[PDB]
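Report on the following structure.
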Amino acid sequence: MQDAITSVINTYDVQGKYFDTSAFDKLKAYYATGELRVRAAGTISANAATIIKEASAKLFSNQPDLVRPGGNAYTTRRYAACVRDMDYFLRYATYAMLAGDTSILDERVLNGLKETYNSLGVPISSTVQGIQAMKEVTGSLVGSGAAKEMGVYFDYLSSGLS
Amino acid sequence: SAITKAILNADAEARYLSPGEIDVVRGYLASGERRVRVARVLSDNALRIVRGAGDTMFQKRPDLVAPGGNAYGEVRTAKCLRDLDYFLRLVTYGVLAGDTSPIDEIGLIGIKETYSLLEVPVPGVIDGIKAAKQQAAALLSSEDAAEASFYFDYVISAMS
Amino acid sequence: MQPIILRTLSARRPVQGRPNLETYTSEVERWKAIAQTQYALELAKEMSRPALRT
Ligand SMILES: CCC1=C(C)/C(=C/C2=NC(=C\c3[nH]c(/C=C4\NC(=O)[C@H](C)[C@H]4CC)c(C)c3CCC(=O)O)/C(CCC(=O)O)=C2C)NC1=O
Ligand SMILES: CCC1=C(C)/C(=C/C2=NC(=C\c3[nH]c(/C=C4\NC(=O)[C@H](C)[C@H]4CC)c(C)c3CCC(=O)O)/C(CCC(=O)O)=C2C)NC1=O
Numbered sequence: 001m002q003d004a005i006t007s008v009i010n011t012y013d014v015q016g017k018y019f020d021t022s023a024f025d026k027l028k029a030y031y032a033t034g035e036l037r038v039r040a041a042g043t044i045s046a047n048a049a050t051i052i053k054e055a056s057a058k059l060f061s062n063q064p065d066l067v068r069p070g071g072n073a074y075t076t077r078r079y080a081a082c083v084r085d086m087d088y089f090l091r092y093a094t095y096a097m098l099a100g101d102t103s104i105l106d107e108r109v110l111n112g113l114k115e116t117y118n119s120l121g122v123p124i125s126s127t128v129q130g131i132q133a134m135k136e137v138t139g140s141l142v143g144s145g146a147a148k149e150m151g152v153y154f155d156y157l158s159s160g161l162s
Numbered sequence: 002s003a004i005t006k007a008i009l010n011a012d013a014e015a016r017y018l019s020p021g022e023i024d025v026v027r028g029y030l031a032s033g034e035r036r037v038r039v040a041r042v043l044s045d046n047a048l049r050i051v052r053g054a055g056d057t058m059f060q061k062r063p064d065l066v067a068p069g070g071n072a073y074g075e076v077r078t079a080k081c082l083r084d085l086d087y088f089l090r091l092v093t094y095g096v097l098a099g100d101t102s103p104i105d106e107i108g109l110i111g112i113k114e115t116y117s118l119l120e121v122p123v124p125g126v127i128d129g130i131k132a133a134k135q136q137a138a139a140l141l142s143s144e145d146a147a148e149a150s151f152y153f154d155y156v157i158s159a160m161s
Numbered sequence: 001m002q003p004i005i006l007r008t009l010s011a012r013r014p015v016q017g018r019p020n021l022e023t024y025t026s027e028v029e030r031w032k033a034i035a036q037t038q039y040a041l042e043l044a045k046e047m048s049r050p051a052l053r054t
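Protein chains in written order, with the entry's author numbering: chain l, 1 to 162; chain e, 2 to 161; chain 2, 1 to 54.
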């Protein structure tokens, strides 16, 4: 995967150039945001279970037919698969927020996920709604600046599945 | 410990410590003074932290010590407060080592099935641990409180 | 009590309502477009890099 630093290194290495002023500006920007990212990642890891509980509660309240008979999240096994999926989405969004880069979502999450969901009969719009619910809860817990940071990766996941 | 993790990573690849790993070890050895300060403050104040956390836990959840509660009676309340003291000691160990390896080895691995077979309410334990976190933050400075709260929150999240 | 003291003087502002801001909104949208161009240029620079040279 790539972080902001590795993205800059990749650009300058493929171009064959040493770091210029603009590269140093980009690296300063990532270093400046590093403290905020570490704080937000710690807050999320401290609160991951609660975020999943609130997000799945809001998703299954908005769409009660998911966890009733006939719904894709009706059985203990399919409910468990659902909340596990939400947990992985949260963890990888937290990773991508630390890295300052959405590449890990491309390498570890999105590729082939739409097909798997279509093949299993998982509702994809409902999954996007669950990801949005996690976004709302996480933004509540992390604060305004960290919320604006995490929203980028949540929306990346949402648009990738949409 | 942090040094243990760096060395295990270097040994997994059959190589010497890398500049990043040497930097990690140097950062831990620099933070040692602050770590010893936080651990000392939590160690000398264990009695009051556990007493206050137990008081506020039992006030938040009186049914735990009510008849038919998991901690009803003198022996079971004693074991409950002993568990809270255990977790405070583990938080001090984690603060000293710089990772959660002592916490995981001594107290966390196997706690979930232990409390499941004992039918101990994990939310009650988490209430006591959060209470201990606030008691500790009261005795610590803001940065010391944050450092302690890292390992407190690790314990809570492992319970939950 | 016989000094003339004035209590309820009318205000400077007129009684009318708020004038509409459509022209101001248009100019603000122009500023937004200008600001979006300067970030879209960087991301476009990213789009035109080769495919598999990481
Ligand atoms: C067939 C497999 C299957 C099961 C079993 C199942 C149960 C289930 N119970 C739920 C809520 C609940 N379930 C309970 C039941 C508990 N409360 C008390 O503590 C009792 C000890 C205990 C019942 C004997 C309660 C109180 C709620 C409401 C919780 C809430 O409001 O969020 C929910 C969340 C959404 C909903 O209301 O339907 C599910 C999915 N779903 C399934 O697909
Ligand atoms: C140093 C690592 C370590 C830990 C962490 C540990 C926890 C632990 N607590 C136990 C009992 C217990 N633990 C509790 C604590 C509960 N009471 C309330 O409900 C609260 C929710 C909660 C505490 C906040 C209680 C009441 C018992 C007695 C339960 C019984 O015997 O039925 C037991 C079973 C053996 C015994 O009776 O001593 C273990 C293993 N033991 C260890 O060696």
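A virtual CB, placed ideally from N, CA and C, is assigned to each residue, including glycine.
request  = Compute the distance between the beta-carbons of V8 (chain l) and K28 (chain l), then report whether it is under 8 Å.
outcome  = In the first sequence, the residue the question calls residue 8 (chain l) occupies position 8. In the first sequence, the residue the question calls residue 28 (chain l) occupies position 28. Not closer than 8 Å, so no.
inquiry  = For ligand 2, I want to know if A3 (chain e) counts as a neighbour, meaning its beta carbon is within less than 7 Å of at least one of the ligand's heavy atoms.
reply    = Taking the second sequence and counting its residues from 1, the one referred to as residue 3 (chain e) is at position 2. It does not: the Cβ of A3 (chain e) is nowhere closer than 7 Å to a heavy atom of ligand 2.
key: 4-residue-minimum alpha helix (DSSP H) runs that sit fully inside the segment 87 to 129 of chain l, ordered along the chain   = Segments of the alpha helix (DSSP H) lying fully in the segment 87 to 129 of chain l: 113 to 120.
inquiry  = To be precise: take each residue of the segment 38 to 62 of chain e, compare its Cβ to all Cβ atoms of chain l, and keep it if any distance is under 9 Å. Which residues remain?
reply    = If the cut-off is 9 Å between Cβ atoms, the segment 38 to 62 of chain e has nothing near chain l.
ask   = If you measure from the CB of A72 (chain e), is any heavy atom of ligand 2 nearer than 7 Å?
value = Within the second sequence, the letter at position 71 stands for residue 72 (chain e). Under cutoff, so the answer is yes.
ask   = Any chance the CB of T75 (chain l) is under 7 Å from a heavy atom of ligand 1?
value = Taking the first residue of the first sequence as position 1, residue 75 (chain l) is located at position 75. Checking the Cβ of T75 (chain l) against ligand 1 gives yes.
query = Which chain l residues sit within Cβ distance under 8 Å of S2 (chain e)?
reply = Here residue 2 (chain e) refers to the residue found at position 1 when the second sequence is read from its first residue. Those do not exist, as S2 (chain e) stays about 20 Å from chain l at its closest Cβ, beyond 8 Å.
task = Mind listing the chain e neighbours of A48 (chain l)? Cutoff is C-beta to C-beta under 8 Å, in chain order.
result = On the first sequence, residue 48 (chain l) is found 48 positions in, with the first residue counted as 1. By Cβ distance, chain e contributes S158.
query = From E136 (chain l) to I5 (chain 2), what does the alpha carbon distance come to, in whole angstroms?
reply = What you label residue 136 (chain l) is simply residue 136 of the first sequence in a count that begins at 1. What you label residue 5 (chain 2) is simply residue 5 of the third sequence in a count that begins at 1. Their Cα atoms are separated by approximately 57 Å.
task = Grab the span of the alpha helix (DSSP H) containing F60 (chain l) for me, first residue to last.
result = As a position in the first sequence, residue 60 (chain l) is number 60, starting the count at 1. 21 to 62 is the extent of the alpha helix (DSSP H) around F60 (chain l).
Close Cβ partners of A41 (chain l) (< 7 Å) along its chain, the five nearest in sequence each way excluded = To locate residue 41 (chain l), count along the first sequence from 1; it is residue 41. These residues qualify, in order along the chain: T94, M97, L98.
message = Using a Cβ-Cβ cutoff of 8 Å, what residues of the segment 10 to 31 of chain l are near chain 2? List them in chain order.
response = So the close ones are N10, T11, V14.
request  = Consider the Cβ of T8 (chain 2): report whether some Cβ of chain l lies at a distance smaller than 8 Å.
outcome  = If you number the third sequence from 1, residue 8 (chain 2) lands on position 8. At least 8 Å separates the CB of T8 (chain 2) from every CB of chain l.
task = Please name the residue in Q2 (chain l), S159 (chain l), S61 (chain l), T127 (chain l) whose C-alpha comes closest to that of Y88 (chain l).
result = For the purposes of this step, residue 88 (chain l) is identified with residue 88 of the first sequence, where counting begins at 1. When each option's Cα is compared against that of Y88 (chain l), the closest is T127 (chain l).
request  = Determine, using beta carbons only, whether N47 (chain l) and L141 (chain l) come nearer to each other than 8 Å.
outcome  = Residue 47 (chain l) sits at position 47 when you count from the first residue of the first sequence. Residue 141 (chain l) sits at position 141 when you count from the first residue of the first sequence. Yes.
query = Leaving out the 5 sequence neighbours to the left and right, which residues in its chain are closer than 7 Å to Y87 (chain e) when beta-carbon positions are compared?
reply = Position 86 of the second sequence holds residue 87 (chain e). Excluding the 5 residues flanking it on each side, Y87 (chain e) has same chain C-beta neighbours closer than 7 Å at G108, in chain order.
request  = Could you pull out every residue in the same chain whose Cβ sits closer than 8 Å to the Cβ of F154 (chain l), ignoring the five residues on either side in sequence?
outcome  = In the first sequence, residue 154 (chain l) corresponds to position 154, counting from 1. Within the same chain, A93, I131, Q132, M134, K135, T138 come within 8 Å of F154 (chain l) by CB-CB distance, once the 5 residues on both sides are set aside.
ask   = Using 8 Å as the limit for Cβ to Cβ distance, is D154 (chain e) near chain l?
value = Counted from its first residue, the second sequence places residue 154 (chain e) at position 153. Among the CB atoms of chain l, one or more fall inside 8 Å of the CB of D154 (chain e).
message = When you compare the CB of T54 (chain 2) with every CB in chain l, is at least one pair closer than 8 Å?
response = Here residue 54 (chain 2) refers to the residue found at position 54 of the third sequence. Interface residue, yes.
ask   = Are there 16 or more other CB atoms within 10 angstroms of the CB of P124 (chain e), so buried, or fewer, so exposed?
value = Reading the second sequence from its first residue, position 123 is the one you call residue 124 (chain e). Classification of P124 (chain e): exposed, given that the 10 Å Cβ count is below 16.
key: Where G160 (chain l) falls: helix, strand or coil (DSSP)   = For the purposes of this step, residue 160 (chain l) is taken as the residue at position 160 of the first sequence. In this structure, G160 (chain l) counts as helix in the three-state DSSP scheme.
request  = Name the residue from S144 (chain l), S159 (chain l), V152 (chain l) whose alpha carbon lies nearest to the alpha carbon of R39 (chain l).
outcome  = Along the first sequence, one-based indexing puts residue 39 (chain l) at 39. It is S144 (chain l).
key: Best match in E114 (chain e), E75 (chain e), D56 (chain e) for proximity to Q136 (chain e) [C-alpha to C-alpha]   = Taking the first residue of the second sequence as 1, we reach residue 136 (chain e) at position 135. Relative to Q136 (chain e), the option among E114 (chain e), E75 (chain e), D56 (chain e) whose CA is nearest is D56 (chain e).
ask   = So does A57 (chain l) have its beta carbon nearer than 7 Å to some heavy atom of ligand 4?
value = This structure lacks ligand 4; the ligands present are ligand 1 and ligand 2.
ask   = Just checking my contact of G99 (chain e) with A159 (chain e) at CB under 8 Å: how many whole Å lie between their CB atoms?
value = If you number the second sequence from 1, residue 99 (chain e) lands on position 98. If you number the second sequence from 1, residue 159 (chain e) lands on position 158. Their Cβ separation, rounded to whole angstroms, is 17 Å, which puts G99 (chain e) and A159 (chain e) out of contact at 8 Å.
ask   = Run through DSSP, which three-state label would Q135 (chain e) get?
value = As a working note, residue 135 (chain e) is residue 134 in the second sequence. DSSP, reduced to helix, strand and coil, places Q135 (chain e) within a helical segment of the structure shown.
Whether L90 (chain l) touches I124 (chain l) by CB criterion (8 Å) = For the purposes of this step, residue 90 (chain l) is identified with residue 90 of the first sequence, where counting begins at 1. For the purposes of this step, residue 124 (chain l) is identified with residue 124 of the first sequence, where counting begins at 1. Between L90 (chain l) and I124 (chain l), the gap from beta carbon to beta carbon reaches 8 Å or more.
task = Tell me, please, whether the CB atom of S45 (chain l) is closer than 8 Å to any CB atom in chain e?
result = For the purposes of this step, residue 45 (chain l) is taken as the residue at position 45 of the first sequence. Interface residue, yes.
query = Touching or not, the segment 3 to 15 of chain e and the segment 112 to 124 of chain l, by the rule of three or more beta carbon pairs under 8 Å?
reply = Proximity of the segment 3 to 15 of chain e to the segment 112 to 124 of chain l falls short of the contact definition, fewer than three beta-carbon pairs being nearer than 8 Å.
request  = Apply the 10 Å Cβ neighbour rule to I23 (chain e) and answer buried if 16 or more other Cβ atoms are within range, or exposed otherwise.
outcome  = Translated into the one-based positions of the second sequence, residue 23 (chain e) becomes position 22. Around the beta carbon of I23 (chain e), fewer than 16 other beta carbons sit within 10 angstroms, so the residue counts as exposed.
CB-CB length for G129 (chain e) against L97 (chain e), believed under 8 Å = As a working mapping, residue 129 (chain e) is identified with position 128 in the second sequence. As a working mapping, residue 97 (chain e) is identified with position 96 in the second sequence. Rounded to the nearest angstrom, the Cβ distance from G129 (chain e) to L97 (chain e) is 22 Å, too far for a contact under 8 Å.
query = Is it true that the segment 27 to 46 of chain e meets the segment 133 to 150 of chain e, where meeting means three or more beta-carbon pairs spaced less than 8 Å apart?
reply = Yes: the two stretches touch, three or more of their Cβ pairs being nearer than 8 Å.
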